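S.K.: File name work.cif; file contents mmCIF, C-alpha atoms; full text below.
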```cif
data_start
loop_
_atom_site.group_PDB
_atom_site.id
_atom_site.type_symbol
_atom_site.label_atom_id
_atom_site.label_comp_id
_atom_site.auth_asym_id
_atom_site.auth_seq_id
_atom_site.Cartn_x
_atom_site.Cartn_y
_atom_site.Cartn_z
ATOM 1 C CA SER M 1 -7.397 -20.640 8.035
ATOM 2 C CA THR M 2 -4.840 -18.912 5.841
ATOM 3 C CA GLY M 3 -4.711 -17.170 2.470
ATOM 4 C CA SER M 4 -1.892 -16.546 -0.020
ATOM 5 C CA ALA M 5 -2.118 -14.374 -3.138
ATOM 6 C CA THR M 6 0.423 -13.080 -5.622
ATOM 7 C CA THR M 7 0.693 -9.331 -6.057
ATOM 8 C CA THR M 8 1.971 -7.927 -9.351
ATOM 9 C CA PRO M 9 3.328 -4.491 -10.301
ATOM 10 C CA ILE M 10 0.938 -2.564 -12.590
ATOM 11 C CA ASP M 11 3.773 -1.183 -14.724
ATOM 12 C CA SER M 12 7.528 -1.147 -15.282
ATOM 13 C CA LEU M 13 8.069 1.386 -12.466
ATOM 14 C CA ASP M 14 6.235 -0.508 -9.691
ATOM 15 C CA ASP M 15 3.841 2.458 -9.379
ATOM 16 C CA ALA M 16 1.429 0.159 -7.541
ATOM 17 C CA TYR M 17 0.644 -3.534 -7.112
ATOM 18 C CA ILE M 18 -2.534 -5.466 -7.911
ATOM 19 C CA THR M 19 -3.772 -8.633 -6.278
ATOM 20 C CA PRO M 20 -6.670 -10.735 -7.592
ATOM 21 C CA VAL M 21 -9.727 -10.847 -5.336
ATOM 22 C CA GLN M 22 -12.821 -13.008 -5.735
ATOM 23 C CA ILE M 23 -16.125 -11.209 -5.013
ATOM 24 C CA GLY M 24 -19.590 -12.716 -5.092
ATOM 25 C CA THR M 25 -21.223 -15.937 -6.232
ATOM 26 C CA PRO M 26 -20.280 -17.043 -8.813
ATOM 27 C CA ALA M 27 -16.917 -15.397 -8.282
ATOM 28 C CA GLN M 28 -16.153 -12.111 -9.985
ATOM 29 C CA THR M 29 -12.409 -11.606 -9.970
ATOM 30 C CA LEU M 30 -11.180 -8.021 -9.681
ATOM 31 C CA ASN M 31 -7.575 -6.843 -9.382
ATOM 32 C CA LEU M 32 -7.370 -4.657 -6.268
ATOM 33 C CA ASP M 33 -4.692 -2.395 -4.838
ATOM 34 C CA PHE M 34 -4.028 -3.681 -1.312
ATOM 35 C CA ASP M 35 -3.571 -0.540 0.758
ATOM 36 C CA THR M 36 -2.277 -0.638 4.354
ATOM 37 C CA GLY M 37 -2.843 3.140 4.468
ATOM 38 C CA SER M 38 -6.651 3.044 4.154
ATOM 39 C CA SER M 39 -9.563 0.975 5.355
ATOM 40 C CA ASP M 40 -12.192 0.802 2.597
ATOM 41 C CA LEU M 41 -12.658 -2.088 0.188
ATOM 42 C CA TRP M 42 -14.155 -0.379 -2.853
ATOM 43 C CA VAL M 43 -14.599 -1.458 -6.449
ATOM 44 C CA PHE M 44 -15.431 -0.226 -9.897
ATOM 45 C CA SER M 45 -18.939 -1.516 -10.492
ATOM 46 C CA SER M 46 -22.041 -1.644 -12.640
ATOM 47 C CA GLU M 47 -23.085 1.480 -10.719
ATOM 48 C CA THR M 48 -20.001 3.496 -11.655
ATOM 49 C CA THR M 49 -20.694 6.506 -13.908
ATOM 50 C CA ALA M 50 -20.088 5.081 -17.387
ATOM 51 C CA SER M 51 -17.847 7.963 -18.521
ATOM 52 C CA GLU M 52 -15.571 7.280 -15.520
ATOM 53 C CA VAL M 53 -14.921 3.652 -16.453
ATOM 54 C CA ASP M 54 -12.122 3.073 -18.998
ATOM 55 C CA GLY M 55 -10.971 -0.547 -19.126
ATOM 56 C CA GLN M 56 -11.432 -1.651 -15.507
ATOM 57 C CA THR M 57 -13.183 -4.862 -14.597
ATOM 58 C CA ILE M 58 -16.413 -4.108 -12.756
ATOM 59 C CA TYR M 59 -18.309 -5.819 -9.966
ATOM 60 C CA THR M 60 -21.963 -6.361 -10.818
ATOM 61 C CA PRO M 61 -23.844 -7.128 -7.605
ATOM 62 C CA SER M 62 -27.057 -8.048 -9.422
ATOM 63 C CA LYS M 63 -25.196 -11.080 -10.833
ATOM 64 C CA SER M 64 -24.115 -12.267 -7.387
ATOM 65 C CA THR M 65 -26.515 -14.527 -5.492
ATOM 66 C CA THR M 66 -24.822 -13.627 -2.204
ATOM 67 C CA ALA M 67 -24.829 -9.825 -2.636
ATOM 68 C CA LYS M 68 -27.117 -7.808 -0.379
ATOM 69 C CA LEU M 69 -27.561 -4.035 -0.417
ATOM 70 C CA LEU M 70 -26.461 -2.552 2.892
ATOM 71 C CA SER M 71 -29.475 -0.302 3.158
ATOM 72 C CA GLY M 72 -28.781 3.383 3.659
ATOM 73 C CA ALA M 73 -25.001 3.029 3.704
ATOM 74 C CA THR M 74 -22.787 5.350 1.697
ATOM 75 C CA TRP M 75 -19.069 5.974 1.536
ATOM 76 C CA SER M 76 -16.745 8.703 0.330
ATOM 77 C CA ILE M 77 -12.964 8.786 0.508
ATOM 78 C CA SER M 78 -10.122 11.102 -0.484
ATOM 79 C CA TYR M 79 -6.493 10.012 -0.698
ATOM 80 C CA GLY M 80 -3.164 11.770 -0.144
ATOM 81 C CA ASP M 81 -2.600 12.159 -3.882
ATOM 82 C CA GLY M 82 -5.836 14.134 -4.205
ATOM 83 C CA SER M 83 -7.833 11.292 -5.732
ATOM 84 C CA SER M 84 -11.279 10.287 -4.499
ATOM 85 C CA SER M 85 -14.250 7.977 -4.916
ATOM 86 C CA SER M 86 -17.707 7.441 -3.433
ATOM 87 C CA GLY M 87 -20.815 5.295 -3.682
ATOM 88 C CA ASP M 88 -23.056 2.829 -1.871
ATOM 89 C CA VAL M 89 -22.407 -0.503 -0.140
ATOM 90 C CA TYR M 90 -23.190 -4.185 -0.519
ATOM 91 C CA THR M 91 -22.217 -7.097 1.644
ATOM 92 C CA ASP M 92 -20.935 -10.146 -0.230
ATOM 93 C CA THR M 93 -18.483 -13.024 -0.071
ATOM 94 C CA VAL M 94 -14.862 -11.999 -0.644
ATOM 95 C CA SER M 95 -11.927 -14.387 -1.013
ATOM 96 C CA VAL M 96 -8.226 -13.607 -1.214
ATOM 97 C CA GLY M 97 -5.844 -16.433 -2.085
ATOM 98 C CA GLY M 98 -8.141 -19.117 -0.664
ATOM 99 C CA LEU M 99 -9.205 -17.188 2.452
ATOM 100 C CA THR M 100 -12.925 -16.429 2.523
ATOM 101 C CA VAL M 101 -14.904 -13.784 4.415
ATOM 102 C CA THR M 102 -18.691 -13.826 4.247
ATOM 103 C CA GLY M 103 -20.604 -10.596 4.814
ATOM 104 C CA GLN M 104 -17.707 -8.352 3.813
ATOM 105 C CA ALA M 105 -18.620 -4.754 3.055
ATOM 106 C CA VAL M 106 -17.959 -4.193 -0.653
ATOM 107 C CA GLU M 107 -18.158 -0.502 -1.406
ATOM 108 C CA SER M 108 -19.513 0.061 -4.885
ATOM 109 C CA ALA M 109 -18.265 3.175 -6.651
ATOM 110 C CA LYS M 110 -20.815 5.517 -8.164
ATOM 111 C CA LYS M 111 -18.119 8.124 -8.802
ATOM 112 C CA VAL M 112 -14.340 7.967 -9.125
ATOM 113 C CA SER M 113 -11.868 10.767 -9.806
ATOM 114 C CA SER M 114 -9.848 11.073 -12.967
ATOM 115 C CA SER M 115 -6.705 9.320 -11.759
ATOM 116 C CA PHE M 116 -8.696 6.148 -11.052
ATOM 117 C CA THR M 117 -10.428 6.267 -14.436
ATOM 118 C CA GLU M 118 -7.075 6.796 -16.143
ATOM 119 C CA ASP M 119 -5.575 3.679 -14.568
ATOM 120 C CA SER M 120 -7.166 0.711 -16.348
ATOM 121 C CA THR M 121 -5.164 -1.815 -14.312
ATOM 122 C CA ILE M 122 -6.658 -1.078 -10.872
ATOM 123 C CA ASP M 123 -10.241 -2.270 -10.352
ATOM 124 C CA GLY M 124 -10.470 -0.913 -6.796
ATOM 125 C CA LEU M 125 -8.755 -0.830 -3.399
ATOM 126 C CA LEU M 126 -8.657 -3.272 -0.484
ATOM 127 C CA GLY M 127 -7.866 -1.373 2.695
ATOM 128 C CA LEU M 128 -5.720 -2.951 5.379
ATOM 129 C CA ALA M 129 -5.277 -0.079 7.856
ATOM 130 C CA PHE M 130 -7.387 -0.082 11.026
ATOM 131 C CA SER M 131 -11.155 -0.179 10.713
ATOM 132 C CA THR M 132 -11.485 3.092 12.620
ATOM 133 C CA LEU M 133 -10.568 4.818 9.307
ATOM 134 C CA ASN M 134 -13.384 3.145 7.330
ATOM 135 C CA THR M 135 -15.582 5.787 5.683
ATOM 136 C CA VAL M 136 -18.930 3.961 5.551
ATOM 137 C CA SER M 137 -21.780 5.957 7.054
ATOM 138 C CA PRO M 138 -23.870 5.759 9.165
ATOM 139 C CA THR M 139 -22.529 2.365 10.251
ATOM 140 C CA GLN M 140 -18.748 2.037 9.956
ATOM 141 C CA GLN M 141 -17.589 -1.242 8.432
ATOM 142 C CA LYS M 142 -14.673 -3.583 9.111
ATOM 143 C CA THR M 143 -11.744 -4.314 6.805
ATOM 144 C CA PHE M 144 -11.238 -7.699 5.197
ATOM 145 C CA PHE M 145 -8.406 -8.415 7.659
ATOM 146 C CA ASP M 146 -10.506 -7.392 10.664
ATOM 147 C CA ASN M 147 -13.324 -9.697 9.523
ATOM 148 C CA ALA M 148 -10.944 -12.630 8.842
ATOM 149 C CA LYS M 149 -8.767 -12.225 11.922
ATOM 150 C CA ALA M 150 -10.575 -14.513 14.349
ATOM 151 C CA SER M 151 -10.507 -17.357 11.818
ATOM 152 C CA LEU M 152 -6.831 -17.002 10.932
ATOM 153 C CA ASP M 153 -4.230 -19.418 12.301
ATOM 154 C CA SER M 154 -2.340 -16.331 13.540
ATOM 155 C CA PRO M 155 -3.767 -12.777 13.505
ATOM 156 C CA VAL M 156 -1.283 -11.445 10.959
ATOM 157 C CA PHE M 157 -0.805 -10.609 7.335
ATOM 158 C CA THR M 158 2.494 -10.118 5.519
ATOM 159 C CA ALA M 159 3.572 -7.999 2.579
ATOM 160 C CA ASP M 160 6.388 -9.230 0.368
ATOM 161 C CA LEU M 161 6.477 -6.793 -2.524
ATOM 162 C CA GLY M 162 8.776 -7.397 -5.462
ATOM 163 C CA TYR M 163 11.165 -5.048 -7.227
ATOM 164 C CA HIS M 164 10.132 -5.105 -10.872
ATOM 165 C CA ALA M 165 8.660 -8.553 -10.090
ATOM 166 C CA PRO M 166 5.668 -10.246 -8.484
ATOM 167 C CA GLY M 167 5.445 -10.768 -4.739
ATOM 168 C CA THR M 168 3.030 -12.108 -2.180
ATOM 169 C CA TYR M 169 0.438 -11.147 0.412
ATOM 170 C CA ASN M 170 -0.117 -13.860 3.016
ATOM 171 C CA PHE M 171 -2.857 -13.942 5.631
ATOM 172 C CA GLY M 172 -2.705 -15.922 8.836
ATOM 173 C CA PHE M 173 0.865 -17.204 8.728
ATOM 174 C CA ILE M 174 4.493 -16.171 8.441
ATOM 175 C CA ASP M 175 6.392 -17.886 5.598
ATOM 176 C CA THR M 176 9.771 -18.494 7.193
ATOM 177 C CA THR M 177 11.282 -19.263 3.765
ATOM 178 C CA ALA M 178 10.457 -15.759 2.457
ATOM 179 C CA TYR M 179 13.100 -13.776 4.358
ATOM 180 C CA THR M 180 16.677 -13.946 5.563
ATOM 181 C CA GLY M 181 17.865 -13.560 9.122
ATOM 182 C CA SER M 182 15.311 -12.724 11.798
ATOM 183 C CA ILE M 183 12.228 -10.483 11.880
ATOM 184 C CA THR M 184 12.628 -7.384 14.060
ATOM 185 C CA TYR M 185 9.399 -6.223 15.634
ATOM 186 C CA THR M 186 8.659 -2.633 16.546
ATOM 187 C CA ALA M 187 5.811 -0.855 18.334
ATOM 188 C CA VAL M 188 2.761 0.517 16.554
ATOM 189 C CA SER M 189 0.495 3.407 17.415
ATOM 190 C CA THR M 190 -3.047 2.982 16.142
ATOM 191 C CA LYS M 191 -4.131 6.449 17.322
ATOM 192 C CA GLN M 192 -4.369 7.814 13.755
ATOM 193 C CA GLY M 193 -5.747 4.547 12.343
ATOM 194 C CA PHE M 194 -2.498 3.681 10.550
ATOM 195 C CA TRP M 195 0.311 1.176 10.983
ATOM 196 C CA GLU M 196 2.341 3.962 12.556
ATOM 197 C CA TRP M 197 5.803 3.231 13.924
ATOM 198 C CA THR M 198 9.148 4.903 14.642
ATOM 199 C CA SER M 199 12.265 4.185 12.645
ATOM 200 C CA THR M 200 15.521 4.457 14.583
ATOM 201 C CA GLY M 201 17.456 6.300 11.866
ATOM 202 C CA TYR M 202 19.051 6.188 8.452
ATOM 203 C CA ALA M 203 22.168 5.971 6.352
ATOM 204 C CA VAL M 204 22.921 7.156 2.827
ATOM 205 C CA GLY M 205 24.952 4.760 0.721
ATOM 206 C CA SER M 206 28.022 3.551 2.599
ATOM 207 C CA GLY M 207 27.782 6.481 5.004
ATOM 208 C CA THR M 208 27.548 6.285 8.766
ATOM 209 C CA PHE M 209 24.198 5.574 10.363
ATOM 210 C CA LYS M 210 22.432 8.559 11.914
ATOM 211 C CA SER M 211 20.463 7.646 15.028
ATOM 212 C CA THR M 212 17.278 9.676 14.969
ATOM 213 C CA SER M 213 13.609 8.845 15.555
ATOM 214 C CA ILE M 214 11.422 9.045 12.450
ATOM 215 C CA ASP M 215 7.702 8.486 13.042
ATOM 216 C CA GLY M 216 5.915 7.242 9.934
ATOM 217 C CA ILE M 217 3.388 4.825 8.472
ATOM 218 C CA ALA M 218 3.859 1.550 6.660
ATOM 219 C CA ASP M 219 1.746 2.191 3.559
ATOM 220 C CA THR M 220 1.578 -0.323 0.713
ATOM 221 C CA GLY M 221 -0.765 2.059 -1.145
ATOM 222 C CA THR M 222 1.828 4.808 -1.493
ATOM 223 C CA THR M 223 4.472 4.352 -4.199
ATOM 224 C CA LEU M 224 7.387 6.349 -2.793
ATOM 225 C CA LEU M 225 9.282 6.944 0.448
ATOM 226 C CA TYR M 226 8.378 10.285 2.049
ATOM 227 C CA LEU M 227 10.712 11.458 4.805
ATOM 228 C CA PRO M 228 11.645 14.717 6.569
ATOM 229 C CA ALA M 229 13.273 17.389 4.412
ATOM 230 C CA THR M 230 16.575 17.109 6.296
ATOM 231 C CA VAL M 231 16.856 13.372 5.567
ATOM 232 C CA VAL M 232 15.835 13.762 1.925
ATOM 233 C CA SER M 233 18.322 16.616 1.381
ATOM 234 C CA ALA M 234 21.106 14.484 2.844
ATOM 235 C CA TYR M 235 20.257 11.659 0.426
ATOM 236 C CA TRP M 236 20.056 13.731 -2.767
ATOM 237 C CA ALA M 237 23.206 15.709 -1.892
ATOM 238 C CA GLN M 238 25.062 12.477 -2.715
ATOM 239 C CA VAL M 239 23.780 12.449 -6.317
ATOM 240 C CA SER M 240 25.545 14.799 -8.698
ATOM 241 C CA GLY M 241 23.063 17.104 -10.379
ATOM 242 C CA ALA M 242 20.081 16.212 -8.197
ATOM 243 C CA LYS M 243 17.780 19.033 -7.262
ATOM 244 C CA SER M 244 14.327 19.762 -5.925
ATOM 245 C CA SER M 245 12.121 21.000 -8.740
ATOM 246 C CA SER M 246 9.015 22.967 -7.831
ATOM 247 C CA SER M 247 7.748 22.635 -11.411
ATOM 248 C CA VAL M 248 8.058 18.860 -11.443
ATOM 249 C CA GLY M 249 6.929 18.450 -7.827
ATOM 250 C CA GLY M 250 9.947 16.956 -6.095
ATOM 251 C CA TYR M 251 13.533 15.832 -6.380
ATOM 252 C CA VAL M 252 14.797 14.956 -9.825
ATOM 253 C CA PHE M 253 18.197 13.660 -10.874
ATOM 254 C CA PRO M 254 20.156 12.995 -14.064
ATOM 255 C CA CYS M 255 18.992 9.713 -15.593
ATOM 256 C CA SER M 256 22.697 8.967 -16.160
ATOM 257 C CA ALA M 257 23.310 8.689 -12.387
ATOM 258 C CA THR M 258 23.986 5.592 -10.343
ATOM 259 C CA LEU M 259 21.976 6.080 -7.153
ATOM 260 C CA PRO M 260 23.268 5.275 -3.678
ATOM 261 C CA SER M 261 21.385 2.946 -1.399
ATOM 262 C CA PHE M 262 19.285 4.168 1.524
ATOM 263 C CA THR M 263 19.201 2.377 4.864
ATOM 264 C CA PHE M 264 16.467 2.739 7.489
ATOM 265 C CA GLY M 265 16.538 1.475 11.068
ATOM 266 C CA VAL M 266 14.069 -0.886 12.671
ATOM 267 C CA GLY M 267 15.158 -1.054 16.275
ATOM 268 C CA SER M 268 18.763 -2.245 16.163
ATOM 269 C CA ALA M 269 18.199 -3.815 12.730
ATOM 270 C CA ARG M 270 18.725 -2.244 9.316
ATOM 271 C CA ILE M 271 16.836 -2.465 6.019
ATOM 272 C CA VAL M 272 18.788 -1.516 2.893
ATOM 273 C CA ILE M 273 16.965 -0.057 -0.111
ATOM 274 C CA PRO M 274 19.190 -0.538 -3.160
ATOM 275 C CA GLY M 275 19.815 2.564 -5.230
ATOM 276 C CA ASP M 276 17.994 1.137 -8.250
ATOM 277 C CA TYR M 277 14.753 1.003 -6.215
ATOM 278 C CA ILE M 278 14.881 4.804 -5.929
ATOM 279 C CA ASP M 279 14.849 5.405 -9.735
ATOM 280 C CA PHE M 280 11.358 6.234 -11.044
ATOM 281 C CA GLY M 281 12.469 7.027 -14.553
ATOM 282 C CA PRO M 282 12.096 10.000 -16.858
ATOM 283 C CA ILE M 283 9.837 12.809 -15.677
ATOM 284 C CA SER M 284 8.233 12.753 -19.116
ATOM 285 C CA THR M 285 8.751 10.403 -22.013
ATOM 286 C CA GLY M 286 12.236 10.812 -23.486
ATOM 287 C CA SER M 287 13.523 13.189 -20.814
ATOM 288 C CA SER M 288 16.978 12.774 -19.304
ATOM 289 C CA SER M 289 15.684 14.122 -15.981
ATOM 290 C CA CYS M 290 14.530 11.243 -13.763
ATOM 291 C CA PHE M 291 12.149 11.318 -10.807
ATOM 292 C CA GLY M 292 13.404 10.367 -7.359
ATOM 293 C CA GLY M 293 11.875 7.637 -5.212
ATOM 294 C CA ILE M 294 12.680 9.418 -1.957
ATOM 295 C CA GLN M 295 10.794 12.676 -1.515
ATOM 296 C CA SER M 296 10.099 15.181 1.239
ATOM 297 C CA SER M 297 7.116 14.680 3.537
ATOM 298 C CA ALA M 298 7.057 18.382 4.410
ATOM 299 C CA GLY M 299 3.485 19.556 3.960
ATOM 300 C CA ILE M 300 2.065 15.998 3.925
ATOM 301 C CA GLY M 301 1.950 16.068 7.704
ATOM 302 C CA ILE M 302 3.233 12.516 8.076
ATOM 303 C CA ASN M 303 6.230 10.449 6.967
ATOM 304 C CA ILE M 304 5.308 7.542 4.697
ATOM 305 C CA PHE M 305 7.198 4.268 4.312
ATOM 306 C CA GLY M 306 5.662 3.464 0.939
ATOM 307 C CA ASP M 307 6.481 0.737 -1.572
ATOM 308 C CA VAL M 308 10.055 1.977 -2.186
ATOM 309 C CA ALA M 309 10.858 1.094 1.428
ATOM 310 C CA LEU M 310 8.523 -1.836 1.985
ATOM 311 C CA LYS M 311 9.608 -3.774 -1.114
ATOM 312 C CA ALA M 312 13.140 -3.969 0.342
ATOM 313 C CA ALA M 313 11.752 -6.020 3.238
ATOM 314 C CA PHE M 314 9.495 -8.821 4.314
ATOM 315 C CA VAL M 315 6.913 -6.984 6.411
ATOM 316 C CA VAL M 316 4.688 -8.452 9.132
ATOM 317 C CA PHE M 317 1.490 -6.612 9.999
ATOM 318 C CA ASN M 318 0.739 -8.146 13.380
ATOM 319 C CA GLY M 319 -2.882 -7.623 14.371
ATOM 320 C CA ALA M 320 -2.612 -9.157 17.828
ATOM 321 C CA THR M 321 -4.408 -7.392 20.697
ATOM 322 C CA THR M 322 -1.461 -5.001 20.835
ATOM 323 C CA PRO M 323 -0.507 -4.611 17.181
ATOM 324 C CA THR M 324 3.136 -4.485 16.092
ATOM 325 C CA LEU M 325 5.126 -4.334 12.845
ATOM 326 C CA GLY M 326 7.937 -6.701 11.877
ATOM 327 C CA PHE M 327 10.640 -6.186 9.265
ATOM 328 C CA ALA M 328 13.155 -8.655 7.862
ATOM 329 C CA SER M 329 15.656 -8.473 5.045
ATOM 330 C CA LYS M 330 15.059 -10.808 2.110
#
```
Would you give me this structure, written as structure tokens?

M.R.:
Amino acid sequence: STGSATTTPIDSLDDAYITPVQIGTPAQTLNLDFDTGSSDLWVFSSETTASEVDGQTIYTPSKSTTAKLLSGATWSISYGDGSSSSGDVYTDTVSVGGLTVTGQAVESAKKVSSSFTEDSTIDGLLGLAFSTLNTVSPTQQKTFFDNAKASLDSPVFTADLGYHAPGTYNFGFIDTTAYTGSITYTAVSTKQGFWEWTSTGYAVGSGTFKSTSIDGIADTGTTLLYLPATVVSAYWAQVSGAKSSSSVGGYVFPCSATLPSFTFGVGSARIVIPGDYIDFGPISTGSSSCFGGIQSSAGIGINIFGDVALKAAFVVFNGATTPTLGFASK
């Protein structure tokens, strides 16, 4: 089997991407944030505290003939941005772009933190990291990809995120028309439960490539590119007027600037992030100070190849017995 679904930016900045997901019988379609940095599939629901729902579409298990309470199971998750959610668990039928899993754990939110409530466009998350990170207790549950894998034509999914435009998540096949050149594959460590790999270096604009190992995670659920302070300083030093602002919470730059590109290495191959991808617009409405799309990972504890990086590539998440990551230009 295979699946193919379009993923769409939630706003004009590509702050996140939503992909329609069918849950239950008859189908209830929710727009979920596919997140390769976590491993819970959770949804706004009929059980969510009413004051914490503001415009999201909810899953109502009582209206699904295939929903079953997973007795005794609870979940609770916290994300790198400080947000969180928790609740109980059902199993139900879940389909993504024509690909169907029966008995998928659907984690129903009883509580969500303010940032989720405040984002009316995201109805929940669909985790695509390794199932060892799944928070369900006392019986850990598998991700949608883990459950589908055996049935897939090939044990892979691909992320093809757009810049200010829709893109695609495919399951079970590699669309050879979706990228240019060849796909370069690179080793993955699953020891922290992430799609963790090592970039071979970087360049700023038309500058020379610096060969240096940068361990990080491929994370579709993180908006920006978080890299070591040395790398980030080298980038922003090329932008007149750019500075790190403690009050804003990262590097800012004059909105009048033209940003240089940023290149990262994948083995001997190179992925180029155009400068425009690194512009996240005014820090506040009407400001001429703009927020940077490359930020320091210092104090995160891990480097994160978020959407800023991933959307410059066609990315293969290879879930073979020994997982690997592939990157191609597009």

S.K.: Near range 131-141 of chain M, counting all atoms listed in the file, which residues have an atom at most 12 Å away, once you skip same-chain residues fewer than 6 positions from it, shown as a PyMOL selection string?

M.R.: chain M and resi 36-42+70-79+84-91+103-108+147+190-195+319

S.K.: Would you mind telling me which residue in M:253, M:5, M:296, M:188 lies nearest to residue 230 in chain M when using all atoms listed in the file?

M.R.: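 The shortest atom-to-atom distance to residue 230 in chain M comes from M:296.
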
S.K.: Just to confirm, what's the straight-line distance from CA of residue 54 in chain M to CA of residue 111 in chain M in Å (one decimal)?

M.R.: 12.9 Å

S.K.: For residue 99 in chain M, please output as a ChimeraX atom specification all residues within 8 Å (counting only C-alpha atoms; exclusion window: fewer than 6 positions along the same chain).

M.R.: /M:1-4,171

S.K.: How many Å separate CA of residue 126 in chain M from CA of residue 43 in chain M?

M.R.: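 Between CA of residue 126 in chain M and CA of residue 43 in chain M the gap works out to 8.6 Å.
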
S.K.: Within 7 Å of (3.4, -10.3, -11.5) (file coordinates; only C-alpha atoms), which protein or nucleic acid residues are there? I'd like them as an MDAnalysis selection string.

M.R.: chainID M and resid 7:9 165:166

S.K.: On this file, the PyMOL selection byres ((chain M and resi 274) around 8) gives some set of residues; write that set as a PDB file with C-alpha atoms, in the frame of the given file.

M.R.:
```pdb
ATOM      1  CA  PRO M 260      23.268   5.275  -3.678  1.00  0.00           C
ATOM      2  CA  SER M 261      21.385   2.946  -1.399  1.00  0.00           C
ATOM      3  CA  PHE M 262      19.285   4.168   1.524  1.00  0.00           C
ATOM      4  CA  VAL M 272      18.788  -1.516   2.893  1.00  0.00           C
ATOM      5  CA  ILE M 273      16.965  -0.057  -0.111  1.00  0.00           C
ATOM      6  CA  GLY M 275      19.815   2.564  -5.230  1.00  0.00           C
ATOM      7  CA  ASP M 276      17.994   1.137  -8.250  1.00  0.00           C
ATOM      8  CA  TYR M 277      14.753   1.003  -6.215  1.00  0.00           C
ATOM      9  CA  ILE M 278      14.881   4.804  -5.929  1.00  0.00           C
ATOM     10  CA  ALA M 312      13.140  -3.969   0.342  1.00  0.00           C
TER      11      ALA M 312
END
```

S.K.: Nearest to residue 28 in chain M among M:222, M:66, M:12, M:184, with distances taken over all atoms listed in the file: which residue is it?

M.R.: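 That would be M:66, the residue with the smallest distance to residue 28 in chain M.
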
S.K.: Work out how far apart CA of residue 240 in chain M and CA of residue 298 in chain M are and give it in Å to one decimal.

M.R.: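 That distance, rounded to one decimal, is 22.9 Å.
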
S.K.: Take the PyMOL selection byres ((chain M and resi 271) around 8), apply it to the structure above, and return the hits as a ChimeraX atom specification.

M.R.: /M:263-266,269-270,272-273,312-313,327-329

S.K.: For this structure, which residues satisfy the selection - the PyMOL selection byres ((chain M and resi 122) around 8) - when it is evaluated on the file as given? I want them as a ChimeraX atom specification.

M.R.: /M:10,18,31-33,56,116,119-121,123-125

S.K.: Compile the contact shell of range 199-203 of chain M as a PDB file with C-alpha atoms, in the frame of the given file: residues with an atom at most 8 Å away, counting all atoms listed in the file, same-chain residues fewer than 4 positions apart removed.

M.R.:
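The resulting file, out.pdb, is reproduced below:
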```pdb
ATOM      1  CA  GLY M 207      27.782   6.481   5.004  1.00  0.00           C
ATOM      2  CA  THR M 208      27.548   6.285   8.766  1.00  0.00           C
ATOM      3  CA  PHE M 209      24.198   5.574  10.363  1.00  0.00           C
ATOM      4  CA  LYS M 210      22.432   8.559  11.914  1.00  0.00           C
ATOM      5  CA  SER M 211      20.463   7.646  15.028  1.00  0.00           C
ATOM      6  CA  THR M 212      17.278   9.676  14.969  1.00  0.00           C
ATOM      7  CA  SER M 213      13.609   8.845  15.555  1.00  0.00           C
ATOM      8  CA  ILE M 214      11.422   9.045  12.450  1.00  0.00           C
ATOM      9  CA  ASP M 215       7.702   8.486  13.042  1.00  0.00           C
ATOM     10  CA  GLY M 216       5.915   7.242   9.934  1.00  0.00           C
ATOM     11  CA  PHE M 262      19.285   4.168   1.524  1.00  0.00           C
ATOM     12  CA  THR M 263      19.201   2.377   4.864  1.00  0.00           C
ATOM     13  CA  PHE M 264      16.467   2.739   7.489  1.00  0.00           C
ATOM     14  CA  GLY M 265      16.538   1.475  11.068  1.00  0.00           C
ATOM     15  CA  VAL M 266      14.069  -0.886  12.671  1.00  0.00           C
ATOM     16  CA  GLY M 267      15.158  -1.054  16.275  1.00  0.00           C
ATOM     17  CA  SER M 268      18.763  -2.245  16.163  1.00  0.00           C
TER      18      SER M 268
END
```

S.K.: Nearest to residue 284 in chain M among M:255, M:224, M:164, M:297, with distances taken over all atoms listed in the file: which residue is it?

M.R.: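 Selected residue with least distance to residue 284 in chain M: M:255.
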
S.K.: Give the padded box for range 91-94 of chain M as lines of an AutoDock Vina configuration file: axis-aligned, covering all atoms listed in the file, 3 Å on each side, centre and edge lengths in Å to one decimal.

M.R.:
```
center_x = -18.5
center_y = -10.1
center_z = 0.5
size_x = 13.4
size_y = 11.9
size_z = 8.3
```
